[PDB]
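Protein chains in written order, with our numbering: chain A, 156 to 239; chain B, 11 to 103; chain C, 11 to 103; chain D, 156 to 239.
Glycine residues also receive a C-beta, built at the ideal position from the N, C-alpha and C atoms.
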């Protein structure tokens with residue numbers, strides 16, 4: 156009943172989640188990514204300057220993406236911790 | 011509608027609540043008497059026996075003393091376990 | 011039919027299982043490709059991005075590069091989150 | 156479903172519990188108490204010698220009773236830990 160009732164409440168935190176957008180940057184702002192509350196990647200932008208250095212570009216891309224996903228996950232976990 | 015991260019968060023939250031409740035239980039005293047008050051037992055809310063007092067008069071009748079000890083102790087154990095069942099259902103509720 | 015001590019034991023057991031599963035998840039690699047294989051992304055089972063490889067040809071067309079990155083990344087995120095939902099339901103099951 | 160299914164299984168560990176008896180001793184065996192698997196106190200025995208020293212008697216009684224209850228509780232918790 157507990158877990159099922161919580162499952163029912165997690166669905167309420169969906170129409171909220173789906174609209175909420177969080178942006179993470181890296182490489183001095185040369186990479187920007189945005190995730191919605193559902194964890195969907197809804198924006199990705201790379202400064203042309205980074206095309207000159209693929210290896211750095213890939214590192215900054217991973218940094219920004221992991222920060223954004225970390226935020227989605229922390230939100231999932233923290234809302235669950237509080238609910239019960 | 012739940013993913014593994016949410017489940018881990020719920021488990022952590024439940025364990026936090028559980029520990030907070032156990033500390034409160036440990037601080038709660040329940041006293042049971044028998045033998046016209048000649049036996050008194052006290053338990054904490056974990057079910058640990060924390061005090062036990064027997065009237066000197068009962069030292070003259072060990073048979074009665076044992077019966078009254080068992081009566082008070084069982085009343086106390088039943089009471090604490092009923093509280094502990096209630097708390098499990100109510101925490102989940 | 012459950013008392014507070016049993017609930018605490020269950021919570022502890024579930025947290026042990028949860029941690030064991032998370033360690034296994036962290037060791038599992040999922041790879042998604044897009045752009046005819048010109049983009050490859052790898053996630054672990056926690057959803058951390060652990061590798062990212064882009065063909066040098068895409069450096070000539072950032073518009074395409076971004077589209078193919080987003081496609082592969084979203085495919086990977088969806089896959090890991092589906093696994094993580096499944097695991098929550100199945101652990102409980 | 157999990158908690159409810161476990162609740163259903165805890166009831167199976169009742170007809171087993173109710174019959175199983177565990178004995179705890181203290182005061183060099185001058186106190187003996189027995190609990191069943193349900194946590195009911197089903198036996199208590201005090202050596203006549205202890206009637207000569209009520210304070211020691213009460214201490215040994217508490218020692219034996221707490222050891223026996225500890226055993227009941229550890230059993231409850233350990234069977235729950237393993238089940239899920």
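Residue i: contacting residues in chain A (beta-carbon distance under 7 Å)
i, result
"residue 64 (chain C)", "209 and 213"
Residue span of the beta strand (DSSP E) that contains residue i, given as start and end
i, result
"residue 69 (chain C)", "That residue, residue 69 (chain C), is in no beta strand (DSSP E); it is neither H nor E in DSSP."
"residue 187 (chain A)", "186-191"
"residue 61 (chain B)", "59-64"
"residue 180 (chain D)", "176-181"
Local Cβ density within 10 Å of residue i, reported as buried at 16 or more and exposed below that
i, result
"residue 232 (chain D)", "buried"
"residue 29 (chain B)", "exposed"
"residue 91 (chain B)", "buried"
"residue 82 (chain C)", "buried"
"residue 235 (chain A)", "buried"
"residue 55 (chain B)", "buried"
"residue 15 (chain C)", "buried"
"residue 13 (chain C)", "buried"
"residue 44 (chain B)", "buried"
"residue 18 (chain C)", "buried"
"residue 57 (chain C)", "buried"
Span of the alpha helix (DSSP H), counted from its first residue to its last, around residue i
i, result
"residue 163 (chain A)", "157-165"
Within chain A, partners of residue i - CB distance below 8 Å
i, result
"residue 206 (chain D)", "The premise fails here: residue 206 (chain D) is roughly 51 Å from chain A at the closest Cβ pair, so nothing lies under 8 Å."
"residue 158 (chain D)", "156, 157 and 158"
Contacts of residue i in chain C (Cβ-Cβ under 8 Å)
i, result
"residue 221 (chain A)", "58 and 59"
"residue 239 (chain A)", "Within 8 Å Cβ-Cβ: nothing; residue 239 (chain A) doesn't reach chain C, min ~12 Å."
Minimum C-alpha distance to residue i - residue among the options
i, options, result
"residue 38 (chain C)", "C:93, C:73, C:102 and C:65", "C:93"
"residue 50 (chain C)", "A:198, A:189 and A:213", "A:213"
"residue 84 (chain C)", "A:199, A:215 and A:204", "A:199"
"residue 66 (chain C)", "C:48, C:34 and C:89", "C:48"
"residue 179 (chain D)", "D:238, D:237, D:224 and D:208", "D:224"
"residue 177 (chain A)", "A:169, A:190, A:183 and A:171", "A:190"
"residue 79 (chain C)", "A:159, A:196 and A:211", "A:196"
"residue 11 (chain C)", "D:169, D:183 and D:162", "D:162"
"residue 183 (chain D)", "D:160, D:209, D:170 and D:205", "D:205"
Under 9 Å by beta carbon: chain B residues contacting residue i
i, result
"residue 228 (chain D)", "56 and 57"
Any non-hydrogen atom of the ligand HEM within 8 Å of residue i CB
i, result
"residue 236 (chain A)", "Judged by which ligands are present, the structure shown has none, so any question about the ligand HEM falls away."
Neighbouring residues, chain D, relative to residue i (Cβ below 7 Å)
i, result
"residue 79 (chain B)", "199"
"residue 15 (chain C)", "228, 231 and 232"
Residue-chain proximity (residue i, chain F), Cβ-Cβ < 9 Å
i, result
"residue 169 (chain D)", "Absence of chain F from the displayed structure is noted, the protein chains being A, B, C and D."
Amino acids of chain B, ordered along the chain, whose beta-carbon sits closer than 7 Å to that of residue i
i, result
"residue 25 (chain C)", "21 and 25"
Members of the region 41-57 of chain C near chain A, C-beta cut-off 7 Å: 57
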